[PDB]
Amino acid sequence: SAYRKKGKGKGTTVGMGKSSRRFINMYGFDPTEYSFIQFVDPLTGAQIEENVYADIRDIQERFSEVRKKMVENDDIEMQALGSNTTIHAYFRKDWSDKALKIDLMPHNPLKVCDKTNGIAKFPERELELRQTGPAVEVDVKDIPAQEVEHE
């Protein structure tokens with residue numbers, strides 16, 4: 001008697017795969033809104049936030065600071081004092097695209113006193129506050145503005 005059972009020969013087919021995937025997502029936004037009139041002085045260059053119902057009481061209050069530093073700094077003597085009425089009003093375009101520059105004056109007109117030839121004016125009446133000058137429209141970026149610089 002005799003027997004031979006040779007074999008038991010099998011194999012294995014294994015196979016895996018690396019599953020690695022990167023991803024990058026980021027999006028910001030600068031939601032800014034501003035609708036008002038920018039007040040500025042022609043003399044030096046004061047700055048104040050005025051609106052449709054801007055009250056002189058306010059503009060005069062903050063103005064005190066500007067004028068204070070001006071005279072304090074000691075730069076002039078009567079350059080600013082010589083004239084203190086005309087104000088520069090900076091308006092903003094409808095779509096805040098361009099910037100309008102219009103100057104305005106107070107409602108306190110004066111007159112000259114003299115008892116000798118006091119009629120050196122043209123034949124007109126109702127002489128009231130007239131337009132001191134035309135308006136200047138220029139892009140906020142166009143005008144000489146100290147654009148903020150990134151840190």
# chains A, B, ... in the order shown; residues from 1 in each chain; ligands from 1
>>> select_by_dssp(residues="chain A", states="strand (DSSP E)", output="ChimeraX atom specification")
/A:37-40,48-50,87-92,98-104,136-139
>>> select_by_dssp(residues="range 10-148 of chain A", states="helix (DSSP H, G or I)", output="VMD selection string")
chain A and resid 56 to 73
>>> atom_distance(atom1="CA of residue 139 in chain A", atom2="CA of residue 43 in chain A")
22.0 Å
>>> residues_around(residues="range 72-89 of chain A", least_positions_apart="3", cutoff="10 Å", atoms="only C-alpha atoms", output="ChimeraX atom specification")
/A:37-48,50,66-69,92,100-108,132,135
>>> write_last_selection(atoms="N, CA and C atoms", output="PDB file, in the first residue's frame")
ATOM      1  N   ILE A  37     -22.358 113.841   4.384  1.00  0.00           N
ATOM      2  CA  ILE A  37     -21.562 114.932   3.834  1.00  0.00           C
ATOM      3  C   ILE A  37     -20.305 115.168   4.664  1.00  0.00           C
ATOM      4  N   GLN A  38     -19.169 115.295   3.985  1.00  0.00           N
ATOM      5  CA  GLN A  38     -17.898 115.525   4.660  1.00  0.00           C
ATOM      6  C   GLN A  38     -17.596 117.017   4.759  1.00  0.00           C
ATOM      7  N   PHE A  39     -17.508 117.519   5.987  1.00  0.00           N
ATOM      8  CA  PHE A  39     -17.226 118.931   6.218  1.00  0.00           C
ATOM      9  C   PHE A  39     -15.724 119.174   6.325  1.00  0.00           C
ATOM     10  N   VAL A  40     -15.249 120.213   5.646  1.00  0.00           N
ATOM     11  CA  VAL A  40     -13.832 120.556   5.664  1.00  0.00           C
ATOM     12  C   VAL A  40     -13.630 122.066   5.588  1.00  0.00           C
ATOM     13  N   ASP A  41     -12.587 122.550   6.251  1.00  0.00           N
ATOM     14  CA  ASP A  41     -12.282 123.977   6.258  1.00  0.00           C
ATOM     15  C   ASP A  41     -11.239 124.315   5.196  1.00  0.00           C
ATOM     16  N   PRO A  42     -11.473 125.416   4.466  1.00  0.00           N
ATOM     17  CA  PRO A  42     -10.565 125.871   3.409  1.00  0.00           C
ATOM     18  C   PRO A  42      -9.248 126.400   3.965  1.00  0.00           C
ATOM     19  N   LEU A  43      -9.322 127.090   5.097  1.00  0.00           N
ATOM     20  CA  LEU A  43      -8.134 127.650   5.732  1.00  0.00           C
ATOM     21  C   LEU A  43      -7.044 126.592   5.874  1.00  0.00           C
ATOM     22  N   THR A  44      -7.215 125.699   6.844  1.00  0.00           N
ATOM     23  CA  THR A  44      -6.246 124.636   7.084  1.00  0.00           C
ATOM     24  C   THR A  44      -6.679 123.337   6.415  1.00  0.00           C
ATOM     25  N   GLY A  45      -7.747 122.737   6.932  1.00  0.00           N
ATOM     26  CA  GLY A  45      -8.245 121.495   6.372  1.00  0.00           C
ATOM     27  C   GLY A  45      -8.946 120.632   7.402  1.00  0.00           C
ATOM     28  N   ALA A  46      -9.701 121.270   8.291  1.00  0.00           N
ATOM     29  CA  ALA A  46     -10.426 120.554   9.332  1.00  0.00           C
ATOM     30  C   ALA A  46     -11.256 119.419   8.742  1.00  0.00           C
ATOM     31  N   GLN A  47     -11.782 118.563   9.611  1.00  0.00           N
ATOM     32  CA  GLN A  47     -12.594 117.433   9.175  1.00  0.00           C
ATOM     33  C   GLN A  47     -13.749 117.188  10.141  1.00  0.00           C
ATOM     34  N   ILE A  48     -14.958 117.091   9.597  1.00  0.00           N
ATOM     35  CA  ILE A  48     -16.143 116.857  10.411  1.00  0.00           C
ATOM     36  C   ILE A  48     -17.217 116.121   9.618  1.00  0.00           C
ATOM     37  N   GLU A  50     -20.809 115.813   8.665  1.00  0.00           N
ATOM     38  CA  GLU A  50     -22.072 116.540   8.639  1.00  0.00           C
ATOM     39  C   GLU A  50     -23.108 115.802   7.794  1.00  0.00           C
ATOM     40  N   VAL A  66      -9.734 121.718  16.254  1.00  0.00           N
ATOM     41  CA  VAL A  66      -8.874 122.013  15.116  1.00  0.00           C
ATOM     42  C   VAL A  66      -8.185 123.364  15.284  1.00  0.00           C
ATOM     43  N   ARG A  67      -8.984 124.413  15.446  1.00  0.00           N
ATOM     44  CA  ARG A  67      -8.452 125.759  15.616  1.00  0.00           C
ATOM     45  C   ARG A  67      -7.502 125.821  16.809  1.00  0.00           C
ATOM     46  N   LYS A  68      -7.835 125.084  17.862  1.00  0.00           N
ATOM     47  CA  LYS A  68      -7.013 125.053  19.067  1.00  0.00           C
ATOM     48  C   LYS A  68      -5.602 124.565  18.751  1.00  0.00           C
ATOM     49  N   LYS A  69      -5.515 123.423  18.077  1.00  0.00           N
ATOM     50  CA  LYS A  69      -4.226 122.849  17.710  1.00  0.00           C
ATOM     51  C   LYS A  69      -3.499 123.740  16.708  1.00  0.00           C
ATOM     52  N   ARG A  92     -20.846 113.653  -1.613  1.00  0.00           N
ATOM     53  CA  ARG A  92     -20.560 112.350  -2.201  1.00  0.00           C
ATOM     54  C   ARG A  92     -21.542 112.035  -3.327  1.00  0.00           C
ATOM     55  N   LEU A 100     -17.852 115.576  -4.757  1.00  0.00           N
ATOM     56  CA  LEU A 100     -18.144 116.960  -5.117  1.00  0.00           C
ATOM     57  C   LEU A 100     -17.554 117.925  -4.091  1.00  0.00           C
ATOM     58  N   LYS A 101     -17.016 119.039  -4.576  1.00  0.00           N
ATOM     59  CA  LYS A 101     -16.423 120.044  -3.703  1.00  0.00           C
ATOM     60  C   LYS A 101     -17.100 121.397  -3.892  1.00  0.00           C
ATOM     61  N   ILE A 102     -17.938 121.773  -2.930  1.00  0.00           N
ATOM     62  CA  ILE A 102     -18.647 123.045  -2.990  1.00  0.00           C
ATOM     63  C   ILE A 102     -18.445 123.848  -1.709  1.00  0.00           C
ATOM     64  N   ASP A 103     -18.051 125.107  -1.862  1.00  0.00           N
ATOM     65  CA  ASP A 103     -17.824 125.983  -0.719  1.00  0.00           C
ATOM     66  C   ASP A 103     -19.081 126.784  -0.391  1.00  0.00           C
ATOM     67  N   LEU A 104     -19.290 127.047   0.893  1.00  0.00           N
ATOM     68  CA  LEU A 104     -20.454 127.804   1.340  1.00  0.00           C
ATOM     69  C   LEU A 104     -20.049 128.901   2.319  1.00  0.00           C
ATOM     70  N   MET A 105     -20.862 129.949   2.397  1.00  0.00           N
ATOM     71  CA  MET A 105     -20.588 131.063   3.298  1.00  0.00           C
ATOM     72  C   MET A 105     -21.743 131.269   4.273  1.00  0.00           C
ATOM     73  N   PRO A 106     -21.463 131.968   5.384  1.00  0.00           N
ATOM     74  CA  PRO A 106     -22.467 132.249   6.415  1.00  0.00           C
ATOM     75  C   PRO A 106     -23.524 133.240   5.940  1.00  0.00           C
ATOM     76  N   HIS A 107     -24.588 133.385   6.724  1.00  0.00           N
ATOM     77  CA  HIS A 107     -25.669 134.303   6.384  1.00  0.00           C
ATOM     78  C   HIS A 107     -25.586 135.575   7.221  1.00  0.00           C
ATOM     79  N   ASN A 108     -24.400 136.173   7.264  1.00  0.00           N
ATOM     80  CA  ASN A 108     -24.186 137.395   8.030  1.00  0.00           C
ATOM     81  C   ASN A 108     -23.392 138.415   7.219  1.00  0.00           C
ATOM     82  N   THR A 132     -20.277 131.962  -4.100  1.00  0.00           N
ATOM     83  CA  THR A 132     -18.892 132.405  -4.004  1.00  0.00           C
ATOM     84  C   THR A 132     -18.053 131.840  -5.143  1.00  0.00           C
ATOM     85  N   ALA A 135     -18.682 124.642  -8.515  1.00  0.00           N
ATOM     86  CA  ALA A 135     -18.436 123.368  -7.851  1.00  0.00           C
ATOM     87  C   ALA A 135     -17.355 122.572  -8.573  1.00  0.00           C
TER      88      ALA A 135
END
>>> atom_distance(atom1="CA of residue 93 in chain A", atom2="CA of residue 34 in chain A")
11.5 Å
>>> atom_distance(atom1="CA of residue 49 in chain A", atom2="CA of residue 71 in chain A")
22.4 Å
>>> decode(residues="range 71-94 of chain A", atoms="C-alpha atoms", output="compact mmCIF listing (two decimals), in the first residue's frame")
# COMPACT_ATOMS: atom_id res chain seq x y z
CA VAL A 71 -3.00 128.31 16.98
CA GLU A 72 -1.26 126.15 19.57
CA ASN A 73 1.15 124.69 17.01
CA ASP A 74 2.20 128.28 16.32
CA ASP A 75 2.52 128.47 12.54
CA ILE A 76 0.76 131.71 11.59
CA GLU A 77 -0.30 135.00 13.16
CA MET A 78 -3.26 136.38 11.22
CA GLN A 79 -3.34 134.08 8.19
CA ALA A 80 -6.27 132.07 9.57
CA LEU A 81 -7.79 134.86 11.65
CA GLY A 82 -7.85 137.17 8.65
CA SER A 83 -10.71 135.06 7.31
CA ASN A 84 -12.96 132.65 9.21
CA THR A 85 -16.30 132.11 7.48
CA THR A 86 -16.09 130.34 4.13
CA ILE A 87 -16.40 126.58 4.60
CA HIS A 88 -15.66 123.70 2.24
CA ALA A 89 -18.44 121.14 1.85
CA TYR A 90 -17.44 117.77 0.39
CA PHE A 91 -20.45 115.99 -1.11
CA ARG A 92 -20.56 112.35 -2.20
CA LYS A 93 -21.84 111.25 -5.61
CA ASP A 94 -25.11 109.32 -5.80
